[PDB]
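**Student:**
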Amino acid sequence: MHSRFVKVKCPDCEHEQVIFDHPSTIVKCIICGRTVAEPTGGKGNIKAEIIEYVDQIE
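Numbering (UniProt numbering), first residue to last: 1 to 58.
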């Protein structure tokens, strides 16, 4: 229902990034532009190693 913040890190990029949990659009690494998370068929899934929650609220 309510969206939350989640901190993730690119496995290939190895860089840390913050994306939304279960987004709508494809998440491209702000670094190079590699897929870090895919919305797939309903319910977005993070295709990266999740670290924890971020303090960066909405």
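The C-beta atom is built at its ideal place from N, Cα and C for all residues, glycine as well.
Can you tell me whether residue 51 is helix, strand or coil according to DSSP?
**Tutor:** Translated into positions along the sequence shown, residue 51 becomes position 51. Three-state DSSP puts residue 51 in a strand.
**Student:** What residues in its chain sit with their C-beta under 6 Å from that of residue 11, if we drop five residues either side in the sequence?
**Tutor:** Here residue 11 refers to the residue found at position 11 of the sequence shown. Once the five neighbours on either side are set aside, the close Cβ partners of residue 11 are 48 and 49.
**Student:** Would residue 40 and residue 27 be called neighbours here (beta carbons separated by less than 9 Å)?
**Tutor:** The residue given as residue 40 occupies position 40 in the sequence shown. The residue given as residue 27 occupies position 27 in the sequence shown. For residue 40 and residue 27, no; Cβs fall outside 9 Å.
**Student:** Please name the residue in 6, 30, 55 and 52 whose C-alpha comes closest to that of residue 23.
**Tutor:** The residue given as residue 23 occupies position 23 in the sequence shown. The shortest Cα separation from residue 23 among 6, 30, 55 and 52 belongs to 6.
**Student:** For the beta strand (DSSP E) that contains residue 38, what are its first and last residues?
**Tutor:** Taking the sequence shown and counting its residues from 1, the one referred to as residue 38 is at position 38. Here the beta strand (DSSP E) through residue 38 covers 35 to 38.
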